[PDB]
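> PDB entry and its sequence, pasted below:
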Amino acid sequence: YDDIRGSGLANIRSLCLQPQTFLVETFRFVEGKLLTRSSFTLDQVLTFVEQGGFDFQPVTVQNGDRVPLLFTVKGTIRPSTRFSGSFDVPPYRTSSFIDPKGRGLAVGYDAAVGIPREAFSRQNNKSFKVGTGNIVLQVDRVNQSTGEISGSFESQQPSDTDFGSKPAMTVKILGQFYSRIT
Amino acid sequence: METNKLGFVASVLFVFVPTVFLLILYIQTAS
Amino acid sequence: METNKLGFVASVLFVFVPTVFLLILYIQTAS
Amino acid sequence: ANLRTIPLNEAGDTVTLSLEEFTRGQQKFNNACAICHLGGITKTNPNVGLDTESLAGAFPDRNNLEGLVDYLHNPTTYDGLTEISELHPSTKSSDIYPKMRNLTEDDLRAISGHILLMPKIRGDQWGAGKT
Amino acid sequence: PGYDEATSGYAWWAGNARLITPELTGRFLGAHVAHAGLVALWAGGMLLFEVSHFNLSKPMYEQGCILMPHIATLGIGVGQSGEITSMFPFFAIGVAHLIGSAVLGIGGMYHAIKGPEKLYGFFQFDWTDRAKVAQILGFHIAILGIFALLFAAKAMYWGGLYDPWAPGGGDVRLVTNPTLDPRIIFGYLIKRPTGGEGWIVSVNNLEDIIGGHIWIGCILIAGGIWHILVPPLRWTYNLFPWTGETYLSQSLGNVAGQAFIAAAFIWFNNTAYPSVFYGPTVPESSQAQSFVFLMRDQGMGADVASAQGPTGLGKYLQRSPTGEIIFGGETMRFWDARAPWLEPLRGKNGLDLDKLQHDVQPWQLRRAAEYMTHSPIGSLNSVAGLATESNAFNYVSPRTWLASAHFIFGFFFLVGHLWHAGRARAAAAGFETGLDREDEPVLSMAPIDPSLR
Amino acid sequence: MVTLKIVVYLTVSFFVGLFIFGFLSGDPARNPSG
Amino acid sequence: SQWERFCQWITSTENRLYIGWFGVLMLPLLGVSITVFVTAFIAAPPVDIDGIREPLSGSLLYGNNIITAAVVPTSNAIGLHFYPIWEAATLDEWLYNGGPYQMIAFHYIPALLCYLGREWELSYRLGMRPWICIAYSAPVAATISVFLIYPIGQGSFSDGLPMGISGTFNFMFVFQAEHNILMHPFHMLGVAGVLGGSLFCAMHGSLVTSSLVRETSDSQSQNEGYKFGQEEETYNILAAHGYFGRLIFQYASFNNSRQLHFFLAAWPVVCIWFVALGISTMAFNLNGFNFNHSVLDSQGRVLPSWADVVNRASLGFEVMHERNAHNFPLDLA
Amino acid sequence: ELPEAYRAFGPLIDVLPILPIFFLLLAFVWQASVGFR
Amino acid sequence: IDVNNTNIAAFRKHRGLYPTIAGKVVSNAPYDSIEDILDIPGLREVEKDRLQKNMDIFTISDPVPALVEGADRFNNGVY
Amino acid sequence: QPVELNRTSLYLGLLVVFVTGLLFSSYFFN
Amino acid sequence: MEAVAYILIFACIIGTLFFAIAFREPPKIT
Ligand SMILES: CCCCCCCCCCCCCCCC(=O)OC[C@H](CO[C@@H]1O[C@H](CS(=O)(=O)O)[C@@H](O)[C@H](O)[C@H]1O)OC(=O)CCCCCCCCCCCCCCC
Ligand code: HEM
Ligand SMILES: CC1=C(/C=C/C(C)=C/C=C/C(C)=C/C=C/C=C(C)/C=C/C=C(C)/C=C/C2=C(C)CCCC2(C)C)C(C)(C)CCC1
Ligand SMILES: [Cl-]
Ligand SMILES: [Cl-]
């Protein structure tokens, strides 16, 4: 671990998913920059059902506007075979989050307690919906001696709405993945 | 009245930025 | 930002109405 | 007075405690058990408190003095499936936890009797703390 | 003589400054030998105090001991998992210190009450006699090096030291193969003092510790022989005044930095300060909390790696800024902690899920159960449990006490070094008693104002 | 940012070298008395 | 020699501002500190202070106030890690993670050490006694305890003093919640020192002002009675002494003035030393006095005291700071 | 606890740690005895 | 208590249920049938019979997505 | 006698005005 | 326009600080 401590070697058996680009379709898909140092490895995860592992990674990418996207996937093999599928994106933060004003859904205020209801009720009553994302997994390199296949993906999943406060946008994600079918 | 907003602040600095200058010059002459 | 509009004009007369007074007093002392 | 009187067993027999005996048990609560049971709950798991409503609703009913001493003889779960005397201090298992190696039967009796002769003294000041 | 204020120049409250003068060297030696006796007096008596109030039920660090852990670290008295095998070695060292205090107290009383007021023969030093003072420096460096090599030899041959990283628990073991690589040992000196590296506080095995001690023992034997055989060179003539207060000021500054370093060692390091004896560091206690809240959720069926916090980050496990698998929560700041009850959970990427879920080897939970609820938090009147909590628990950690005390000692000694540095420079210059009224240096200086000509 | 790291390393080197070699320029002789 | 000309110019007491060898280190450190602070206080983007992807908006152009602006401390995800401009990927995660705070702090702390050394330097070049640096070591100890020593002891640079007015207030409240500094005796000494230094400053100033020698008329300032460099004493120590002695008792008023000004130096300097040290031992979680549940009645019920009421307010602060960042019930350091 | 063979000192072992804190006090005592001459 | 919206901490309230019964009734979700907890897909007989006593409180009403977003029923975070 | 304001008093007055205005600006804006 | 006031006033403090160091009234010895 001491060789990888400080380097970052982290960033069916354990299925790791390593993006290297984040195109958000702003109103075309433009590629920003990674503001969360290197913590985007969705790691240790014919049809494939989702499992445990780090099936979520919150990564804020950057006009000058931060987009905090919850990169996640919750829900024969040759060098052409693809496992196209769809996943259910949970909200960026769970309902026990509190805004700067004391309000939250599982825990928190129900209204703005600074002032004394009004046009604030879009930010007052917080919602927790679910989104869908389409992911197409390409298989390129297959090594059956170890028992493992690898390839690239493309995934389109929505970003955060701040508990229903701002219209999220879709982000395009590309990168190599590698798994051990067993 | 659809008047220039800064037309107020243009009017008053046009007429008191020189004015204080004159008073400075007068006061230092009188003393 | 829902700030006081006159808070700008309060800020600048609070800090230059005394200031010109001091400069008047200084300039007439120096001359 | 009546605060001294506590449930002994599940059969039903309110046993009275000496004031000095209760104080002696109270001290030993603060030397081997206040490491993580200080206040009324457990620091390791913030759900298994040393309160009356929790101990009466334990399986088996551990809101009794003999019940608590027998717990200290054998750490089990809140339903009593696996006798995990290793994650907990245990009167038999002195090797994992050396805190009760010097405690006799009277010490266990006194520490178990002081836990059940506060809750009508305090009320909502031991159960989970005063918020 | 020079024992009052009038014939010394020094008031009662600055009276040990009456020993500065080079004809009063016997008293200088007496004050020192008696002070060393007082140091050994405390070293004996405080250890015997710790032994006399030692309860074997509580491990060592709940007792509030600070000298018991230093001895136990040396593999004396303790064995497997830092269990006290006998209370007699601690007593033997506590009495051996008392006897040394007695002998050193007699020497300090002799050279201050009855012995020769001025030293002579080969012991007469003047502060301006720079070859002699460097020669005394050299003897002190040589004797210090032979203590450092003797400690390294004991760590290698007789007995051993307590290795907290030994296989399972950590038993006393004698270091057979210390790290003699110059690349490794002096690579600690170039590590950044910042988090992750932790310049020399992150020495984390006994081979590195004893190899560095072998190196510095040899380096100090070499420097001591150098100063006995080579007087101060011409380039060290006008660098600073060669008075006695200068020499004191330089000692003060170095030992202030040294106290700051020891505060860092007692607070972060858990190899030279094994947590069986000193209790867990705050980083290791805060990872122990996460590890025990992890093992609570194993068994009651809460899959950890798919669990989000209030913020979408990992509820128990997340990824580092480097992208390594670390414990989630606020304890992500202590992702650099390396306790030996957690290293068999360490894989390649940090905390792999493989030897985490069907790992923990039982004691590893128990140990981390112990370090969770013994954290370095407390008060002046000895209580634990945060600060805004009920007082029942009567406990403050050894590491808290030692780090607090040596930051205090480092700060006062940095102040005292600045005091004597300024005063030594001013006293040698000839203006440490005030401005000369006859001629004041500012009156003979040209004006700083650019208009003034 | 490697070039900026080099610039910072050299700038720190230059200023600390100025400090160090300036305190080996016989600084105690820079007193008013002597 | 060009080098001798340089060492003459650096150590020159002819400069309008003395440079010296501590100043040749001090000036670039201030240049970086001042540049990055003026830059970040105005235009820094929001900083992810507690490592949970909740940017805190601390700069004056991000809808923020002179009172409420702050160079926001470095992210809790960073901890005590060295995080310069070049170890980050870009110039926008460095801004996002609070790198400006660490850059300002890592140049500000050595700049104050060099300012203290520079004070000693100029004392040496002018032939005056060398201990104004000792008096200056008290605010320097205080500002290193809350910028370096508390973050080291707690484990993160996010626990440092924010570079802002309201950030400072937030630091005070969170520190009271977590350490109970008001019941820390070093802080009671610091309060005695600052309030008594203000007492003694006002007292010494009023006494020297009250016993001034008549040199002027009533229609001109009494400050014209003093001439810069005059050798004669401008006030009456005897008259101020007699007044102060009649005010309280005989053996109370300083007759001596050298002792008097040593006391004026010593009281707030020593007490600020102690309160900087108090911050520093609370950095290792050695908190103030604890008197909760200390007065019991006959049965054992806790009778509330005033320390209990202070606890209850500190618990108020305690369960609201860093709300979305404590996943376990035990906020350790 | 200290060994039973030498378990006669009792309060002596209590006194010995704070023995050096009395030497600094006796310094002020001796200086008063000479009168801070 | 509902057995598709409610956490493990509110399965304390029942007379003797913590922790395995509660750790297994929650780990598989959603349950359509109210009596689907009694099939016990991997539990033993000492779990099965004891749950068979306790059927007077269980429900299958509504899994709220704000209450299931990855270990919210196990450790919500409220101590 | 005529009124004076020397240079030092001018600088002191300017700073006290400027710093006091910077302090109270945040509250005039609210 | 609220930041503009703050930056202008801060520039006024900085100008006063420069002019009170650079162009200060010289202290003459008596
Ligand atoms: C940045 C915008 C905000 C501005 C903030 C700055 C506020 C400054 C307020 C006034 C302070 C100075 C008072 C007088 C000091 C003095 O007499 O100096 C006299 C000196 C000479 O020094 C002196 O010279 C004297 C002799 S002589 O002058 O050379 O003849 C001699 O007696 C004396 O000892 C020697 O020191 O020089 C001057 O004449 C200074 C007067 C300049 C006017 C003030 C500056 C105006 C702003 C300039 C920048 C324009 C900004 C444009 C953007 C809006
Ligand atoms: C003599 C000392 C102690 C006594 C009398 C004692 C008593 C008890 C009792 C009676 C229970 C069961 C209560 C319940 O869940 O309803 C319990 C549970 C618990 N105790 Fe303590 N305890 C002691 C020491 C400790 C210590 C020192 C720790 C610190 C690690 C600790 C940690 C726990 C934990 C984590 C639980 C919950 C475990 C579970 O659910 O089975 N105990 N304790
Ligand atoms: C010549 C010389 C000298 C001098 C020096 C000096 C004067 C110095 C300096 C210096 C300086 C003067 C420096 C500086 C600097 C700087 C820097 C380094 C900067 C920065 C920055 C940044 C990084 C920013 C950032 C940002 C923010 C924060 C916000 C917005 C965005 C941005 C990105 C823009 C002397 C005499 C001493 C002697 C020696 C030589
Ligand atoms: Cl946490
Ligand atoms: Cl907060």
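It's in. Numbering: from 1, shown residues only, chains lettered A, B, ... in the order given. Ligands and ions are numbered 1, 2, ... in the order given.
> what's near enough to touch residue B:20?
C:20, C:24 (CB atoms under 8 Å, 6 or more residues apart in numbering or on different chains). From N, CA and C alone the C-beta is placed, and that goes for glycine too.
> that one falls within a helix, correct?
Yes: checked against DSSP: H, G, I helix; E, B strand; the rest coil, residue B:20 lies within a helix.
> how about the helices in the chain?
The chain I'm using is chain A. A:121-124 (DSSP state H).
> try again with chain I
Using DSSP H, helices in chain I cover I:20-25, I:45-53.
> could you say which of those helices is packed most deeply?
Mean neighbours per residue, mean count of other CB atoms under 10 Å in any protein chain shown, is largest over the helices of chain I for helix I:20-25, with a mean of 23.
> excluding chain neighbours, what is closest to residue 18?
Answering for chain A, as no chain was given. Nearest residue to residue A:18 in three dimensions, chain neighbours excluded: residue A:175, at 4.8 Å (CB to CB, 6 or more residues apart in numbering or on different chains).
> the chain in question should be chain F.
Among residues not flanking residue F:18 along the chain, residue G:24 sits closest, at 5.0 Å (CB to CB, 6+ apart).
> that neighbour contacts residue F:19, correct?
Yes: between residue G:24 and residue F:19 there is a contact under CB atoms under 8 Å: 6.0 Å.
> wait, what's in contact with residue 6?
Defaulting to chain A. By CB under 8 Å, 6+ apart, the neighbours of residue A:6 are E:196, E:322.
> if you could check chain J rather than the one you did, that'd help
C:26, C:29, K:25.
> next one: residue E:382
So residue E:382 contacts E:64, E:394-396 (CB under 8 Å, 6+ apart).
> and with 10 Å instead?
Residues in contact with residue E:382 (CB atoms under 10 Å, 6 or more residues apart in numbering or on different chains) are E:64, E:391, E:393-396, E:401, G:290.
> gap between it and residue E:281?
From residue E:382 across to residue E:281, the span is 20 Å (CB to CB, to the nearest Å).
> stretch E:342-362: how far from the chain's middle?
Counting by CA atoms, centre = their mean, to the nearest Å, stretch E:342-362 is centred 32 Å from the centre of its parent chain.
> and the residue sitting furthest away from the middle of chain A, how far is that from chain D?
Ranked by distance from the centre of chain A (CA atoms, centre = their mean), the top residue is residue A:116, with 38.3 Å. Relative to chain D, residue A:116 is positioned 25 Å away (CB to the nearest CB, to the nearest Å).
> hang on, the earlier thing: by neighbour count, which of the contacts of residue J:6 wins?
The most crowded member of the contacts of residue J:6, judged by other CB atoms under 10 Å in any protein chain shown, is residue C:26 (22 neighbours).
> which of the helices or strands spans that residue?
helix C:6-30 (DSSP states H and E).
> cool, residue G:7 as well?
Per DSSP H and E, residue G:7 falls inside helix G:2-10.
> report the angle between the very next helix or strand once past that helix and helix G:2-10.
Using DSSP H and E, the helix or strand that follows helix G:2-10 in sequence is helix G:20-43. Relative orientation of helix G:20-43 versus helix G:2-10 (axes from the mean of the first three to the mean of the last three CA atoms, to 10 degrees): 60 degrees.
> which secondary structure elements does whichever helix or strand comes after helix G:20-43 contact?
Next helix or strand after helix G:20-43 toward the C-terminus (DSSP H and E): strand G:70-71. If you count contacts as 3 or more CB pairs under 10 Å, 6 or more residues apart in numbering or on different chains; DSSP states H and E, strand G:70-71 packs onto helix G:20-43, helix G:99-126, strand G:163-164, helix G:165-179.
> would you mind putting the ones you listed into JSON lines with mean neighbour count alongside?
Below are the helices and strands packed on strand G:70-71 laid out as JSON lines (neighbours: other CB atoms under 10 Å in any protein chain shown):
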{"stretch": "helix G:20-43", "mean neighbour count": "19"}
{"stretch": "helix G:99-126", "mean neighbour count": "22"}
{"stretch": "strand G:163-164", "mean neighbour count": "23"}
{"stretch": "helix G:165-179", "mean neighbour count": "19"}
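> contacting residues for the residue positioned nearest the centre of chain I?
Central residue of chain I (CA atoms, centre = their mean): residue I:25, 3.5 Å from the mean position. Each residue near residue I:25 by CB under 10 Å, 6+ apart is listed here: E:301, I:1, I:3-4, I:6, I:8, I:11, I:17, I:31, I:36-37, I:40, I:43, I:47, I:51, I:54, I:58, I:73.
> what subset of the residues you listed is buried?
E:301, I:1, I:3-4, I:6, I:8, I:11, I:17, I:31, I:36-37, I:40, I:43, I:47, I:51, I:54, I:58, I:73 (16 or more other CB atoms under 10 Å in any protein chain shown).
> which residues of chain K fall in helices?
Applying DSSP H to chain K gives helices spanning K:2-21.
> how about the residues of it near chain G?
For chain K, the residues in contact with chain G (CB under 10 Å from any CB of the partner chain) are K:2-3, K:5-7, K:9-10, K:14, K:21-22, K:24, K:26-30.
> and what of chain A?
A:6, A:32-39, A:58-62, A:64, A:66, A:68, A:70, A:92-94, A:96-100, A:102, A:104, A:107-108, A:160.
> now intersect those with the strands, please.
Among the residues of chain A next to chain G, DSSP state E puts A:58-61, A:68, A:70 in strands.
> hmm, residue E:120 is touching residue E:29, no?
No: assessed by CB atoms under 10 Å, residue E:120 is found out of contact with residue E:29, at 12.0 Å.
> do you know how far residue G:153 is from residue G:284?
Counting by CB to CB, the gap from residue G:153 to residue G:284 is 5 Å.
> now the longest helix seen in chain H - C-alpha only, CSV.
Longest helix in chain H, counting residues (DSSP H): helix H:21-34. The C-alpha coordinates for helix H:21-34 follow below in CSV (Å, rounded to 0.1, in the frame of the first residue of the first chain):
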residue,chain,number,x,y,z
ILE,H,21,8.9,21.8,43.7
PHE,H,22,10.1,22.7,47.3
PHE,H,23,13.6,23.4,46.2
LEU,H,24,12.5,26.4,44.2
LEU,H,25,10.5,27.5,47.2
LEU,H,26,13.5,27.1,49.6
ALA,H,27,15.5,29.3,47.2
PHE,H,28,13.1,32.2,47.9
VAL,H,29,13.3,31.2,51.6
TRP,H,30,17.1,31.4,51.6
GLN,H,31,17.0,34.7,49.7
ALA,H,32,14.6,36.1,52.3
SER,H,33,16.8,34.8,55.1
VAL,H,34,19.8,36.7,53.7
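> is any residue of it near chain G?
No: for a cut-off given as CB under 10 Å from any CB, helix H:21-34 has no contacts with chain G; the smallest distance is 17.9 Å.
> got a list of contacts for that helix?
So helix H:21-34 is in contact with E:3-4, E:12-13, E:15-16, E:34-35, E:37-38, E:41-42, H:15, H:36-37, going by CB under 10 Å, 6+ apart.
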